[PDB]
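Structure first, then comments.
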Amino acid sequence: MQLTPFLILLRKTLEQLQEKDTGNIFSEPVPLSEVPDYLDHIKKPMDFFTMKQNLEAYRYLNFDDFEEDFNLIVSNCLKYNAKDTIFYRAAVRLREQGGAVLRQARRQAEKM
Ligand SMILES: O=c1[nH]c2[nH]c(=S)[nH]c(=O)c2[nH]1
């Protein structure tokens with residue numbers, strides 16, 4: 001497997017995942033200045049901007065490490081926010097819509 005086509009695929013996949021987050025509520029880190037208690041039980045914050053930085057820092061060299069950080073976006077949001085909030089339901093919807101995006105991307109990857 002060559003690195004360049006794989007990273008091209010992860011760039012496209014990340015774009016597709018971001019497209020499912022229509023509110024852009026996961027686009028940037030959770031602002032600790034406005035959610036001061038966030039790090040109390042969120043041990044590894046994650047967001048799409050950070051994922052793009054990690055991608056270009058060559059920190060995703062296989063599909064599972066990329067998918068792991070996407071799952072953190074979802075799981076952190078489910079953990080922090082009460083079930084009856086817009087945030088929690090947005091994470092549920094992202095988990096659902098992102099799963100199809102990830103399965104199709106991984107099919108593409110395994111063909112490489
Ligand atoms: O109360 C909350 N504010 C915020 N902000 C962001 S960016 N993500 C959240 O899960 C959240 N929960």
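Atoms within each ligand, like the ligands themselves, are counted from 1 in listed order. One is the number of the first residue; the rest follow in order along the sequence.
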Between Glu67 and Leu102 the two heavy atoms that sit nearest each other are OE1-CB, 3.7 Å
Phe63 reachable from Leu61 in the ILVMFWY side-chain graph, under 4.5 Å edges:
yes
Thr85 side chain to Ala82 main-chain N or O, any donor-acceptor pair under 3.5 Å?
yes
Tell me whether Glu28 has any N or O atom under 3.5 angstrom from an N or O of ligand 1.
no
So does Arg11 pair up with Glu15, basic N to acidic O under 4.0 Å?
no
Any idea which atoms of ligand 1 are less than 4.0 Å away from a heavy-atom of [X]?
X: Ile25; answer: 7 (S)
X: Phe87; answer: 1 (O), 2 (C), 3 (N), 4 (C), 5 (N), 11 (C), 12 (N)
X: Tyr80; answer: 1 (O), 2 (C), 12 (N)

Would you mind telling me if ligand 1 is within reach of the side chain of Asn81, the backbone, both or neither, using heavy atoms under 4.0 Å?
side chain
Given side chains that start at C-beta, do those of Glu28 and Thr50 come closer than 4.5 Å, heavy atoms only?
no
